[PDB]
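One structure, pasted below without further comment.
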Amino acid sequence: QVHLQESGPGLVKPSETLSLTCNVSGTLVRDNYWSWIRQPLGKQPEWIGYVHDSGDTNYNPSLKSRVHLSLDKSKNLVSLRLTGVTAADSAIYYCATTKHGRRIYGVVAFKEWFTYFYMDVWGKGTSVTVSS
Amino acid sequence: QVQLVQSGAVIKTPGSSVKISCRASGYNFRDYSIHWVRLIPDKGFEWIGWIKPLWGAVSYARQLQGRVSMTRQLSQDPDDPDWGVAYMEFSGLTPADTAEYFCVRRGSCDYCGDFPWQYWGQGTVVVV
Amino acid sequence: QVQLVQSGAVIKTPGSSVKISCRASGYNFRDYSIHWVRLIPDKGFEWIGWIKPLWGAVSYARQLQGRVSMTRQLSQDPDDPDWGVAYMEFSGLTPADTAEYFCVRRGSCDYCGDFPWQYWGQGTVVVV
Amino acid sequence: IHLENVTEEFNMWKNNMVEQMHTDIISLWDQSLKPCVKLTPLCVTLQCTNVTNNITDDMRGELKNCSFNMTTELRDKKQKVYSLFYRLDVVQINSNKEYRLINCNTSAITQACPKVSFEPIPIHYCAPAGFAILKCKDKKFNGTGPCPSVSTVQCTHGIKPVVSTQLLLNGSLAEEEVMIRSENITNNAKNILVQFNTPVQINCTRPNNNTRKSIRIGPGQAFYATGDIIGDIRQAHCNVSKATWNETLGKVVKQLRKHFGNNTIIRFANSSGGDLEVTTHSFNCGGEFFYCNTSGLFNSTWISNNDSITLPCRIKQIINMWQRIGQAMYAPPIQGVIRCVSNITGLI
Amino acid sequence: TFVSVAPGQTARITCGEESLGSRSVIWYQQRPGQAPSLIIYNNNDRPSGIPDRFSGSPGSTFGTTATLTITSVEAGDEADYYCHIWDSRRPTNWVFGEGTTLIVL
C-alpha cells in the first residue's frame, strides 16, 4: 500500500524557479524508480521523465535543462526543481513510481531489445497555475 | 508446378455480362492453349471454347456464339515470362446460366492430345 | 624487367611509426607475393612477413605481431594492369629497430618456391 | 571399375584441371551476364539520409534512404525515385550530404538477371575419347605420392560449385578420420586444407522482411531496388552448435599433433586482416551474399594433456569477385526473410 | 473521439500511430476528477485488480494501429483512454497519444 502526496505553491509567477516535493507511504525511496508526469486540462499527459539513483535519471529532451529531478533518502521524499515557469507550464503534476521490462524481439546480445515503462501507482496532484 | 488461380463466386442480374479472369503461372504461357468449360447441375459438362494466347486466336462453341468473348494478356518483361491472364466475358445472362466454370490446360506429353485437360482451375460458380 | 622502387632513408623518434612504400612495376601485380624482410648489422637477416595483393592476405612474423601493418593498393584501370603499391606501417619504434628494410618478390620459374626471392628493392635504412 | 597390383603417384598441387576449371567457371560466369543489363545511367548524385529508426548516436545503422533523379521511359521526362542501400556501397562526396556509389568512379556495373539462380548444381567432369580419369580409392592419402588403391572412371562424381573464402561449405567429407592436407607443411605461406569427417550444421539468416521495387530505366529496361522494410530492423547472423564445434576442434587438434611434435601447444586466432572478404568467410545464400564475422570461432587454446555460437554478418550488394579490373556486379534485392542451412565440410 | 455503446456490449478504442516494428502498447484510463490508472501494461497483459475482457492487439502485427477491445462494458467503464506505444523503430514517446472518452448510455 503506497500513496504519494504532492506539494507545491500552485500559484507561480512567470520566470520563477519552481520546486515540488512528494511524500511517500510505506515503500522507501531507495527501492523503486520514480517519475513525474504533467497534464494540461482536457489534454493528454506528458511524461516528464524518470529519476532513480545510480544513473537512472533521464529527462524529457524537450526541456531537458530547466528541470532537475532528485530524491531524498534521508527524509524519504521525491524532489523536483524547475527553472523558468512559462504560461504553458500551468498543468497538474504527478509523482509516481514506475516498473520497467525488457521488450525483446531478437538476439539479446545484439541489443535487439529495449525497456518500456509504466507508472503502476500515481500521486494525488497539485494544480500549478502560472499568473501575475 | 502449374497454378491456375481463378476469381471467386459472384451474383449477377439477368441480361448482364460477367467477367472471369484466370491467371496461369508456372509454365511458358505463350505455348499452350486455354479451354473454358462449364458445369450445370443435372446437365453434365458443356464445352465453351478455346484461345491460343500467342495471338489470342479463339474458337467458340456454336450454340453460344455472339455471346461469349475471350481475350488474354501476356507478360512482357525479360523477368517474368511465365504468368499470363486469360479472360472470359460471358454476355446475355439467364438464370439457366447459373453454373460452375473452369479454365483448363492440356497435358504436356507427346501423345497428349488437346482435349485431355490435365490442369484445372479451382472452379467459379456464378448464380443469376 | 622488374622494377621495385622503395622510398629513401628517414630518421624517426622512439615510439613512433614509420611508413615505407614499395612501388612495383613490370609484371602482373595481382599474381605474386610480396615479402618484407630486414637487416640489422651484427644480427643477420630477419623475416618480417608477406602479403598477397589479390586480397591483401597478410601473414606476420610472430615475435613482431601487433607492431607491423601491411596494406596494398592495386591499379584499377584498363590501361595499367601492371604497377602496384605495397606499404608497410611499422609501429612502436625502438633504437634497436634501426635497420635496413627490403621489399622482395620471388622467382618465376616452375620449381621456384616462394622464399627464393629473385627480385630485390634498393633498401631503405631507418635510424631511430 | 577397379584396377589391381597397381602403384600410381598422384599430386593435387601440380595437378591440372583445377586451372581450366577455374577458367571455365569464370567463363560461364561471364556468359551469364551478357544477356543482362548495364547500370551506366545510374551513377548519379545521391541525396541520402538515415533510415527511419530510433537511432543510436554511438552505433551506426546500415541502411540509407537515397533519393535521386532518374530517367524515364521518355527522354524529356525526369523522375524522382528513392531506395535503400547498405553503408558499404556508398561513399561521401564533397553543409549538406551527398553520396555516390563506390564503383562509379572506377568501373562499370551490371545487374544480374533475376531469372538466373546462384545455387550450385553438380557438375560431372568427363574426358574425351583417348583419355582416362583415375581415382585414388585409398582411405589415407595426404595428397602426394603413390596410391595402391586406384580405379579408373569415365566421369567424375557430383561436384557442387560453392564460393566460400573460408569454411568450405556442402563439400564432400572424409571417410573415417579427420584428414589434413598440404603441399609442404614446414612451409608456412602455403595453406593447409582441413577435411574433417563429420559435417557440422550452420544456420544463417537475414531476419528483415524485404520489399523490392521495379524501376524502369529507359525503353524496355528494368531495375530492382530495395523499397520498404516491414517489421523490426534487425541484423543478419549465423549460428553453429557449440559442443559439435568443440568436438570437431578436438578431433583436428588430435590430428595436427602428429606433424608438430606430440608435446605442443596449439591455439587459434582470428585472421590478421586484408580485404573484407578474406577477414571472414564469404558465401551466397538464396542468391544474396554474406560477409560474416568469424572471430567467435577461432579463439581458443589447447594443452598437451544446448548452447550455440552466434556470429554477426554484413550484407553487400555490389561485388568484384575474383578481383577484376573494371568488371563489377550488382546483386538484386530479394523478397521476404531468407535463411539457409549448410553442412560445413572443411577448413582452410 | 467520442464512442457510445450500450452497457454490456463490446467496444473498440483505437489510438496512436500505425505499427512500424515490434511495439509495447500501454493503456491508461482516466475517470473525471481522478489520477490516471493503468489497465494494460504489455501488449496483451494486465495486472491484478483489473478484470478481464480488456483485450489488446498483439505486438507482432506490422502495419496496424493500437486497439483496445472492451467486451461487456459498464457505466464504471466511463473513463478516458490513453495509448502509450513503445515502438522498437520509432523513438520514445514522451507525450501520450490522444484521449478518447468512452461514454455509455
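By written order: A, B, C, D and E. Residues from 1 in each chain.
Here is the rule we go by: contacts are C-beta pairs under 8 Å (C-beta built on N, C-alpha and C of every residue); 3 or more make two chains touch, one makes a residue touch a chain.
Chemist: Which chains lie in contact with each of chain C and chain D?
Modeler: Common contact partners of chain C and chain D, which must touch each of the two, are absent.
Chemist: For chain C, which other chain has the most distant CA centre?
Modeler: B
Chemist: Please work out which of A-E and B-D is bridged by more C-beta pairs in contact, and write that pair.
Modeler: Taking the two pairs in turn, the one with more contacts turns out to be A-E.
Chemist: Give, as an integer number of Å, the spacing between the C-alpha centres of chain D and chain A.
Modeler: 53
Chemist: Quick check: how many Å separate the C-alpha centres of chain B and chain C?
Modeler: 74
Chemist: So how far apart, in whole Å, are chain A and chain C when each is placed at the average of its C-alpha atoms?
Modeler: That pair's centroid distance is 64 Å.
Chemist: Averaged over CA atoms, how far is the centre of chain D from the centre of chain E? Could you give it in whole Å?
Modeler: For chain D versus chain E, the centre distance works out to 49 Å.
Chemist: Going by the touch rule set out above, which residues of chain D reach two or more other chains?
Modeler: Only 232 qualify.
Chemist: On chain A, where are the residues touching two or more other chains?
Modeler: Counting only residues that touch two or more other chains, chain A contributes 105.
Chemist: Draw the chains as points, connect those that touch, then say whether the picture is a line, ring, star, complete or other.
Modeler: Basically it's none of the tidy shapes, so other.
Chemist: Name the touching chain pairs, would you?
Modeler: Every touching chain pair, ordered by label, is A-D, A-E, B-D, C-D, D-E.
Chemist: Contact residues on chain C for chain D in the complex?
Modeler: It comes out as residues 30, 33, 50-52, 54-60, 69, 74, 76-78, 81, 113-115.
Chemist: What does chain D use to touch chain E in their complex?
Modeler: Within the complex, chain D contacts chain E at residues 52-54, 209, 230-233.
Chemist: For the complex, which residues does chain E have touching chain A?
Modeler: Against chain A, chain E makes touches at 21-22, 24, 26, 35-38, 41-42, 47, 59, 82, 84, 86, 88, 94-99.
Chemist: Which stretch or stretches of chain A touch chain E in the complex?
Modeler: Against chain E, chain A makes touches at 37, 43-49, 60-62, 94, 99, 101, 103, 105, 114, 116, 118-120, 122-125.
Chemist: Can you name the residues of chain E that touch chain D in the complex?
Modeler: That would be residues 20-22, 62-63, 87-92 of chain E.
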